[PDB]
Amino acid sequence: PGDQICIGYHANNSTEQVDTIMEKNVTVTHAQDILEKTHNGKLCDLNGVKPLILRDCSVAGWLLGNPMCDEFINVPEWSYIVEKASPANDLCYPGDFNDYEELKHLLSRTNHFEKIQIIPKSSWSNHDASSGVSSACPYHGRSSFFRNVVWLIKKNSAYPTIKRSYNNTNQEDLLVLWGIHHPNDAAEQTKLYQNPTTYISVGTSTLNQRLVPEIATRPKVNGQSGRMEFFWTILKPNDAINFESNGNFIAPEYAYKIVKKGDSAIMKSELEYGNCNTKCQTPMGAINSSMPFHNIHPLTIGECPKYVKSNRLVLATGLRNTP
């Protein structure tokens, strides 16, 4: 009999469901997904700057210059570094890298190393800078050695005291590597470096250490039963490093200019380059998303969504939809 007006609300064919405290799977007209769950599964540039992918080399193998890591003899500026879990080409000659992790940390705060010759191998007039070579570090079928560091061995049955010094004349910090050799027994000791008891002394404005070789009988690792122990320091732009040793010294030839310090990272991932580009990278792959969250992997680099462990994050935006 009469005209009427009704108040009502939207409804549609949406199936989007949403959770709240009191009810779960509440179908709604409109929702916004805020959780990213997909990546391209490849390693990419970070804003157009290529990462340093070590393939089968470890950071040590790279810096020390394991002959099987020649791929990296001169690496350009990088955004991040990718290292496999258990790289095959690590220390070809068995041993240790002192404060290795503290060095990897310093690497992750770095984007550019420029290799420079700090002590020419040719300049070792009174020692043998050529037989310092092992089958544990094979190159092209013949015994070789770490390329940035030199295994000085006695010449004409005499090992004169070494007193070499390098003054950093660059404007950059420079990373210097050196090492000490731990022989198997006193015979081998006398065989390689004439003197029976030796030391390696290093001096810097801040550094002062004197390393002495610790002989022991060890199982053979990569054929060798001796060990080589590696050390490092950062030489400030106007500082100098002073080496004095009478044996067992694995001397530096090449050091690294720290050209660009910035924010970087060392990613553990097993995958390789994909020739793509992104603003956000993860160990499982890269992310191109406008979502505020993701559940891919916690360890990321670049402008990223915030990592969260959810399988699902959905905001209700519309209202309760009617069946």
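One rule holds for the numbers: they count along the sequence shown, beginning at 1.
When the two stretches 238-246 and 89-97 are set side by side, the higher mean Cα temperature factor goes to 238-246. Averaged over Cα atoms, the B-factor as recorded in the entry is higher for 163-171 than for the other of 220-228 and 163-171. Across 251, 211, 103, 136, the entry's maximum B-factor at the CA atom is seen for 211. The entry lists a Cα temperature factor for residue 48 that places it in the highest third of the chain's modelled residues.
Annotation for residue 179: CA B-factor lies in the middle third of the chain's modelled residues. When all modelled residues of the chain are sorted by CA temperature factor, residue 274 is found within the highest third.
Compared with the other modelled residues of the chain, the Cα B-factor recorded for residue 114 ranks in the highest third. Sort the chain's modelled residues by C-alpha temperature factor and residue 30 lands in the middle third, per the entry.
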